[PDB]
Amino acid sequence: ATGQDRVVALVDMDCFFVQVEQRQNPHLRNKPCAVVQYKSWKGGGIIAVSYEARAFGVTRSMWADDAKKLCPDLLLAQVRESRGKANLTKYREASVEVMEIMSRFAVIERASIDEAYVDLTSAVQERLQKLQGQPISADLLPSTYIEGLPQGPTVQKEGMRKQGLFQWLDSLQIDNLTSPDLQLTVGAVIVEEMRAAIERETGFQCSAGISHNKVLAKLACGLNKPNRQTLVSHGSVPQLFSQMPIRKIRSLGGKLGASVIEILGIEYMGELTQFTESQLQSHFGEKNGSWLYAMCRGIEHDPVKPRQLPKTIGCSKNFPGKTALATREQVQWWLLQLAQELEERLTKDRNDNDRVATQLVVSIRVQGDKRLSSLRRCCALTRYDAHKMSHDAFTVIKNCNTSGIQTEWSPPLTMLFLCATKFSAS
DNA sequence: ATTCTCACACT
DNA sequence: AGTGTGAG
Ligand SMILES: O=c1nc[nH]c2c1ncn2[C@H]1C[C@H](O)[C@@H](COP(=O)(O)OP(=O)(O)OP(=O)(O)O)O1
Ligand SMILES: [Ca+2]
């Protein structure tokens with residue numbers, strides 16, 4: 001009822017794509033470097049930045065050319081392109097390396113290519129018996145921060161982390177195997193081993209957050225990045241939330257979180273607490289207001305889905321500006337290339353994960369429209385065959401063509417999207 | 001001119 | 001089925 005039933009962790013690879021390239025290209029280790037795609041336009045678009053390049057101001061979405069302006073010594077690894085489009089195979093396969101290690105300790109929800117939530121509730125219960133009732137040495141937690149500690153009556157980072165960890169472990173009630181703080185602590189000892197196993201078995205370093213739910217875990221993980229883990233206890237939530245901007249909380253990063261700020265006239269997550277649940281529901285709907293009411297008291301029940309494998313496999317490409325596709329055979333040729341990349345990933349999925357997709361979603365964007373997708377249409381995926389898929393995807397879109405000429409496409413297409421869905425056992 | 005995934009609520 | 005939001 002105080003949102004302390006579970007022990008949940010979120011593990012997040014540090015500058016992941018960069019690390020995959022650094023393990024592979026030793027010359028890039030401990031240097032400012034980014035991973036780019038499409039070198040031709042403004043040197044390439046940056047999709048990942050090491051921590052040494054972040055110190056210079058280089059960010060994602062920046063053009064490599066522009067990053068070179070902020071950081072002249074910046075080293076670049078460019079993504080493999082296949083069929084004219086960026087190919088992430090290398091990163092997906094490094095990701096499977098980690099997911100399989102993590103999955104030896106507890107059941108995982110894959111959250112992205114490089115983050116995963118862990119429910120440690122049963123594992124913690126198993127260790128709490130094996131541990132008799134003996135103290136938890138600080139040597140079990142060599143990279144753990146305790147959020148909100150030290151407090152009360154050293155000038156270097158490692159000095160502060162130790163003191164906070166000392167105070168936490170001192171006031172720790174190791175005789176009471178049902179106290180939620182002691183469970184987080186044992187969750188944190190498990191994440192330490194999990195993280196040591198990941199770095200040993202892959203060379204990949206990661207940060208992690210430990211708390212009682214997914215949202216507090218995600219936030220905690222970002223508090224002491226890179227290569228560290230943060231425990232956030234229920235007790236720390238009032239002070240943590242009291243100056244936490246609303247947009248930092250997962251799902252509040254967008255238009256909803258902006259309405260909360262404007263409608264309620266607040267800036268910080270802790271300001272939500274003064275409102276009744278019914279007031280929050282009248283403003284944002286039953287589900288959103290219920291969710292906010294509990295979340296601002298550190299309580300959320302969205303759980304760790306037992307799911308390590310994506311649910312849709314999709315292939316898309318943007319054609320911005322003067323590169324928009326304007327002729328029918330252009331559209332035909334790119335749909336083919338997408339279906340091919342899509343085929344290559346579907347058959348690898350059928351062999352590894354014992355399933356087949358059964359519906360083909362095709363989406364397109366017309367020059368002049370506003371939104372991610374202009375139009376969605378679907379059809380049957382019966383055969384993993386690139387030429388049928390592209391033939392079928394064209395068929396279910398050819399009548400979007402406002403043009404009167406057969407050979408031309410108007411309005412020209414600025415995005416093409418093919419997505420396999422509705423998997424079944426095989 | 002970032003681009004590219006993937007998930008889910010609502011209808 | 002098709003649209004819209006959110007996040008990595
Ligand atoms: O806006 C984005 N547009 C396209 N792709 C994106 C975007 N944002 C994240 N991604 C994908 C690829 C990225 O390599 C991976 C890791 O994302 P993410 O955890 O936010 O950053 P990161 O691992 O590169 O470094 P860090 O964790 O230290 O912030 O997610
Ligand atoms: Ca990351």
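Numbered from 1 within each chain, the chains take letters A, B, ... in sequence-line order. Atoms considered below: every heavy atom in the structure, side chains included; atoms not considered: hydrogens, waters and symmetry mates.
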Contacted region of DNA chain B by chain A, from 5' end to 3' end of the hits, cut-off under 4.0 Å to heavy atoms, spans B:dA1 to B:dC8
A:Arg127 meets the side-chain hydrogen bond (donor to acceptor under 3.5 Å, both in side chains) criterion, sequence neighbours left out, with A:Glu193
Here the side chain to side chain donor-acceptor pair (under 3.5 Å) pairs for residues 288-298 of chain A, sequence neighbours left out, are A:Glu277-A:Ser290, A:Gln281-A:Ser290, A:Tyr293-A:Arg297
Show me, pair by pair, the donor-acceptor contacts under 3.5 angstrom made by side chains of residues 25-40 of chain A, not counting sequence neighbours?
| unit_1 | atom_1 | unit_2 | atom_2 | d |
| --- | --- | --- | --- | --- |
| A:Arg29 | NE | A:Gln22 | O | 2.9 |
| A:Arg29 | NH2 | A:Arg23 | O | 2.9 |
| A:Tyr38 | OH | A:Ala86 | N | 3.0 |

Just checking A:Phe417: base, sugar-phosphate only, or nothing, at a heavy-atom cut-off of under 4.0 Å? nothing
Whether each nucleotide of nucleotides 1-8 of chain C has a protein heavy atom under 4.0 Å at its base (B), only at its sugar-phosphate (S) or at neither (-) is summarised, 5' to 3', as SBBS-SSS
The complete set of salt bridge (charged side-chain N to carboxylate O under 4.0 Å, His left out) pairs with one or both residues in residues 102-115 of chain A, sequence neighbours excluded, reads A:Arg104-A:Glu201, A:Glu109-A:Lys214, A:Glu115-A:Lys218
Is a side-chain donor-acceptor pair under 3.5 Å present for A:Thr421 with A:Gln359?
-> yes
Comparing A:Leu338 with A:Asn288, nearest DNA chain B nucleotide closer to 5' gives the residue A:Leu338
Taken in chain and number order and not counting sequence neighbours, the residues that satisfy ring-ring contact (aromatic ring centres under 6.0 Å, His included) with A:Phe417 are none
With sequence neighbours left out, the residues meeting side-chain hydrogen bond (donor to acceptor under 3.5 Å, both in side chains) with A:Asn224 are A:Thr230
Residue set satisfying side-chain hydrogen bond (donor to acceptor under 3.5 Å, both in side chains) with A:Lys225, at least two apart, ordered chain then number -> A:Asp12, A:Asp14
Sorted by chain and number, sequence neighbours left out, salt bridge (charged side-chain N to carboxylate O under 4.0 Å, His left out) with A:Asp119 holds for none
A:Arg365 meets the salt bridge (charged side-chain N to carboxylate O under 4.0 Å, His left out) criterion, sequence neighbours left out, with none
Within residues 301-321 of chain A, the residues having a heavy atom closer than 4.0 Å to DNA chain C are none
Assert: residue with more 5' nearest nucleotide on DNA chain B, out of A:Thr323 and A:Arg110, is A:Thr323
